[PDB]
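S.K.: Dumping the structure here so I can ask a few things about it.
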Amino acid sequence: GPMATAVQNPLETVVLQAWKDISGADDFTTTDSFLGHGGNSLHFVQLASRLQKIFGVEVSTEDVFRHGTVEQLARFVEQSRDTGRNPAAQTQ
């Protein structure tokens, strides 16, 4: 293949563990479609609200659907969660 992780952020890993905990699908990668291994119902509602409270982002159910992949999902959060970047030091 091209690379191993290539450009994989640990944030993407959170998106995957979110999906794994909800759907049970483990053999998903960051470039694969988390868009419903089987049940594509409320399962996305749970993970969107999950990332929301984890990184301090505002991810909606349909926002999940607009990204398509966990990587591109994480990209939304990546940029948005930077607003609270380094919250312990408070960027002082």
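When we follow the deposited numbering, the leftmost residue of the sequence shown carries the number -3, and every step to the right adds one.
No residue lacks a Cβ here, since even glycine has one placed at the ideal position from N, Cα and C.
1) On the criterion of 16 or more Cβ atoms from any shown chain inside 10 Å, does residue 62 qualify as buried, or is it exposed?
2) Taking all protein chains shown into account, decide if residue 46 is buried (16 or more other Cβ within 10 angstroms of its Cβ) or exposed.
3) Look at residue 11 and residue 27 and say whether their C-beta atoms are less than 9 Å apart.
4) Going by other Cβ atoms of all chains shown within 10 Å of its Cβ, with 16 needed for buried, is residue 3 buried or exposed?
5) For residue 90 versus residue 15, is the C-beta spacing smaller than 9 Å?
M.R.: The structure says:
1) Walking along the sequence shown from the start, residue 62 turns up at place 66. Counting other Cβ atoms within 10 Å of its Cβ, residue 62 stays below 16 and is therefore classed as exposed.
2) Taking the sequence shown and counting its residues from 1, one reaches residue 46 at position 50. Within a 10 Å sphere around the beta-carbon of residue 46 sit 16 or more other beta-carbons, which makes this residue buried.
3) In the sequence shown, counting from the first residue as 1, residue 11 sits at position 15. In the sequence shown, counting from the first residue as 1, residue 27 sits at position 31. In this structure, residue 27 does not lie closer than 9 Å to residue 11 by Cβ.
4) Your numbering for residue 3 matches position 7 in the sequence shown. With fewer than 16 other Cβ atoms within 10 Å, it is exposed.
5) As displayed, the chain neither begins before -3 nor continues past 88, which places residue 90 out of reach and without an answer.
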